[PDB]
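Each chain is listed here by its residues.
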Amino acid sequence: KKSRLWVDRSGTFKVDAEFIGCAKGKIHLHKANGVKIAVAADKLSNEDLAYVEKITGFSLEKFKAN
């Protein structure tokens, strides 16, 4: 795990970020730019979820749209 390029489901936004904590279905992210953001884990890309799954130990399969 390290500050990397995250992408949402639709590919509308891509962000450099590291995973800090996921809560209430959202992901708290700390960008490598030094900014802290909140990205919903359910409108995100499967790869990004698979990664945060590995950080957490949970499964975001349910959050993957396809």
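Definitions and limits used
- Residues numbered from 1 in each chain as written, not as in the entry; some residues may be left out.
- Heavy atoms only, no water.
- Pairing = 2+ DSSP bridges.
- Helix = DSSP H or I, 4+ residues; strand = E, 2+ residues; numbered from the N terminus.
- Buried < 20%, exposed > 50% of the residue type's maximum accessible area, 1.4 Å probe, protein only.
- Core = buried A, V, L, I, M, F, W, Y, C linked by side-chain atoms within 4.5 Å.
- Contact = heavy atoms within 4.5 Å.
- Salt bridge = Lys/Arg side-chain N within 4 Å of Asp/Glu carboxyl O.

### Things to note about the pairing of strand β1 (residues 4–7)
Working step 1: Bridge analysis of β1 against strand β2 (residues 14–23) gives 4 bridges, and the strand direction is antiparallel. Bridging from a neighbouring strand, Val7 pairs with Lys14 of β2.

### With respect to the environment of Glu47
Working step 1: Along the polypeptide, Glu47 turns up in helix α1 (residues 46–56).
Working step 2: The exposed category is assigned to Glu47, whose relative accessible area is 60%.
Working step 3: Sequence spacing of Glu47 and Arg9 is 38 residues, and the spatial spacing of their C-alpha atoms is 9.7 Å.

### Considering unusual backbone geometry
Working step 1: Positive phi is not limited to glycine here, since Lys24 has a value of about 60°.
Working step 2: In this fold, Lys24 is placed in the loop between β2 and β3 (26–30).
Working step 3: A relative accessible area of 83% places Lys24 in the exposed class.

### Some thoughts on the nonpolar core
Working step 1: Residues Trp6, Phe19, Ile27, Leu29, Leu44, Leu49 and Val52 are the most contacted members of the largest nonpolar core, which totals 14 residues.
Working step 2: Secondary-structure elements contributing two or more residues to this core are β2, β3, β4 (36–40) and α1.
Working step 3: Those residues in contact with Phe19, other than ones at most four positions away along the chain, are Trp6, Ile27, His28, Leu29, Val52, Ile55 and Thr56.

### Here's the deal with the pattern of salt bridges
Working step 1: Applying the stated rule across the entire model yields 3 salt bridges.
Working step 2: Put simply, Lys31 and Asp16 hold a salt bridge, and the shortest N to O gap is 3.8 Å. Of this pair, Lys31 sits in the loop between β3 and β4 while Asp16 sits in strand β2, placing them 15 residues apart in sequence.
Working step 3: Taking relative accessible area as the criterion, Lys31 reaches 16% and is therefore assigned buried.
Working step 4: For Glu61, the salt bridge is made with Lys64, and the minimal N-O distance between the two is 2.6 Å.
Working step 5: Within the structure, one salt-bridge network assembled from shared partners comprises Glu53, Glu61 and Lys64.

### Some thoughts on the pairing of β2
Working step 1: If you look at the hairpin formed by β1 and β2, you'll find 6 residues sitting between the two strands, and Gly11 has a positive phi there, around 80°.
Working step 2: Relative to β3, β2 runs antiparallel, the two sharing 5 bridges. In the sheet register, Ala23 faces β3, and the bridge partner there is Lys26.
Working step 3: In this structure, the hairpin formed by β2 and β3 is closed by a connection of 2 residues, where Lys24 is found at a positive phi of approximately 60°.

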